[PDB]
Amino acid sequence: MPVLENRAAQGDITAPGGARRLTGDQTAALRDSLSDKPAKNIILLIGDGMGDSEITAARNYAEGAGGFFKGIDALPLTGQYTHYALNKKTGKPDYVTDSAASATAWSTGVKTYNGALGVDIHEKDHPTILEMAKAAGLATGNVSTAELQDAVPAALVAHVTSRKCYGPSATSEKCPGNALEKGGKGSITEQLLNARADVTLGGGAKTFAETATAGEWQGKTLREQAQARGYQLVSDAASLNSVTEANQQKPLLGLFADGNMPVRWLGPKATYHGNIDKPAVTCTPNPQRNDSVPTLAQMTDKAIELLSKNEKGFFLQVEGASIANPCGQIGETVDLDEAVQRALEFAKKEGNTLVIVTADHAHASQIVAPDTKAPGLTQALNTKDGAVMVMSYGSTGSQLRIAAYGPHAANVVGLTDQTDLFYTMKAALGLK
Amino acid sequence: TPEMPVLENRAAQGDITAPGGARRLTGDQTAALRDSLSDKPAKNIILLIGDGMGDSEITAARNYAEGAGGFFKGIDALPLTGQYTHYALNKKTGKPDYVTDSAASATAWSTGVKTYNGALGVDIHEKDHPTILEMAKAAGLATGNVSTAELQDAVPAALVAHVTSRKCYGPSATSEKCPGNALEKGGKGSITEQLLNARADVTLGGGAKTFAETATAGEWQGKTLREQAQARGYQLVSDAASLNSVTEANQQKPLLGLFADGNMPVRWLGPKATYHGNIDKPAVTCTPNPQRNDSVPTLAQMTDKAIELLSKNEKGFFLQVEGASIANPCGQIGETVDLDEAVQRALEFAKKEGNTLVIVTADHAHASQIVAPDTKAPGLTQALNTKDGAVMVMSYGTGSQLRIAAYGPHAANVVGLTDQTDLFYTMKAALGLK
């Protein structure tokens, strides 16, 4: 079912027809994109805050208005999904979710309250798509450029009443029911190590320095616990590259930064009337990025290579993290686009892989007219077109894009809910 | 048999607090979507435009009027969806201008050419290009142009007028602001004059005021534009009763309904948003506008009457319907509700007829955002009491790509990423126009 490159503007944008992204009728191409056959594998890519506005701004900046993201914009089947959370006491909708409640929704199929991971409004645990995959004998991967304790990667492996419960310390204080010494399943990091995905790659080494309060590994650091439990620990690109396999006997745990992994691009923070009062900005490469720290795309490719060895199949989630910094935000979308390209390249070759690309919720940034005097923070940027684009941040709940390629991708078209994504993945992989 | 499927119910299917309760799907959609795809000719096209109606506006309106887990039986029911880009051009450089106005965006889908902000039916060199409505008429199709805005406003005007500035409503503004287009200066005339020349079978909306102006040259010099319409054989109507009496509309007796002096009445009233309004003022419940009444047809009623009149043409018809806009949350939400009712009419017709492509989108998105209730925001905000019995806060503090959705023959051409100019080529090809 491969392709639909490319949908850049096809010609001279000032001339009749020159800004078209299509070359002819799409009925055959869309029909050819539809298959009801089993998915052997799923790759779910999440861009933090990546709603339609963020996609557009990053395209305009990095590719030009008429440009095309070869990963993000190349998925043939598209829709919009709703991501409202719940008020914990009343059960009524809360129109603006945080990352934890939204990740819980696609990870478990149950709505919840802001801050919850893997539990419902009654604080009851519900299994995750990753746990279910593993129980069925599928290989599992969990990749992020955030700290691995952050809401999105955490939601696949941890059930806690507050997303703040990173390690033993915070869990004892803020989630006493989940604390290991109080009979609970443990902190986010402890539950991560119990879950034992085949491949886990990201930031967040800091919390692994904490020591367990109880159980078999009481008094040892969580890093020592991982080593004791047979994990392959890697911390840089060379150590990652040399890994030849990852499975339940030798699961891979890559910890590539103390906190979040390095942001792709730097620029100044937006300011009051920054588009008027400050020069237009050209984003710059972050010196902290280097070939010793794997990128999101490199971690995605290595996870695919290790997980694809499982004959039954795999589930892999990849999160492009977001750390009022337009350059930071746009470079994060570029990082995600490269990871999506790796996923699509694999899926097109393998032929039984469903790739889904979406966001937890949208950032508040807006693209505004160049002369805008806005009440919040603004910045002018010099885009690939050699024109100024202005972005405004003006302290969100909108539905936002979800797109897919491969078997069962029809289930993201039209209006859906974020919880439907759980059931789509469940059904595509034939999980019970 | 009414047979390619419309989405009948994508509301949350159960108790939203329970596992699976917030699902909008009941099962796999592959078969449904396969059955949604045809490249047979479109006999008819109905294009519905919600002013400012990006994804945020759809979500806010759904939240308020239907609840978070509710469902717009029109807007949310189209099975094939994508996102399109609507950037304009800088007139002098020809480089993208990332934030369009309504005139440049309407020009893009009506003519397939990008242009500068404020341009109607002309490119950055001020050269005219034909519109989808003009092309439909030349091919023997019936044509309708319906709006709750003034008919001179950018969206309806872009189908029938080629002028260098959208401000050129009548003779007086054209001679001042678009001198090359002014009739007495050798051009094709004001927006209103070009509308009268274009002679769609059905034109319904606001904007009676400009018709009081007199022409400055030509056969009808010194007559008002209303008098000109009357002399050129138009059937003029001004309220619901007179619209209802109309039995036919065609090139001998084209229909021109003028239902307000300016814009037609908004659906709902509420207070303007204010600084720290969500904190400093009570949560708002929108109220009915008493200027709305059964003597003024609604957007849906105009849509239904236009379909009834246009569908008599054996070759087919092209119909555009605009739900107009105008930091008034209640006004903007009610406008989305108005559009949803008109989309329901269009889909009901299309489902039965079987050869009708229905497209629902926006010119460009409004700046409103849905934000946390406790938000202290620097712009204008308002708390609203929604259908769920919970508070939603709106903030007004744009260039984002936005939803386009379709049903019927050739609907596949809205899926994925497209440009607003592709919509011109989609409509052209679907109707077989050359």
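So for chain A, numbering is Swiss-Prot's, and the shown residues are 26-348, 355-425, 427, 435-471, in order.
Positions of Cβ are set from backbone N, Cα and C atoms, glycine also.
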With A:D391, A:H392 listed by Swiss-Prot as binding Zn(2+) 2, identify the candidate in A:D73, A:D77, A:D98, A:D119 belonging to that site.
A:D73
Swiss-Prot pairs A:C200 with one of A:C190, A:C308 in a disulfide bond, so which one is it?
A:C190
On a count of neighbouring CB atoms within 10 A, which of the disulfide-bonded residues A:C190, A:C200 is highest?
A:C190
A:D391 (Zn(2+) 2 binding site) as reference: those recorded positions from A:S124, A:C190, A:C200, A:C308, A:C358 with C-alpha within 10 Å of it:
A:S124
Of the recorded positions A:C308, A:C358, A:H392, which one has its Cα closest to the Cα of A:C190 (disulfide bond)?
A:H392
Closest of the recorded positions to A:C358 (disulfide bond), Cα to Cα, picking from A:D73, A:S124, A:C200, A:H392?
A:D73
Whose Cβ lies within 8 Å of the mean position of the Cβ atoms of A:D73, A:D391, A:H392, the Zn(2+) 2 site, other than those residues?
A:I71, A:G72, A:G74, A:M75, A:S124, A:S127, A:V177, A:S347, A:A390, A:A393, A:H394
Determine, using Cα-Cα distances only, which of these recorded positions is closest to A:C308 (disulfide bond): A:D73, A:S124, A:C200, A:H392.
A:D73
Could you give the Cα-Cα distance between A:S124 (active site, phosphoserine intermediate) and A:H392 (Zn(2+) 2 binding site), in whole Å?
7
Cβ neighbour count (within 10 Å, all chains shown) around A:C308 (disulfide bond):
21
Between A:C200 (disulfide bond) and A:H392 (Zn(2+) 2 binding site), what C-alpha distance do you get in Å?
25
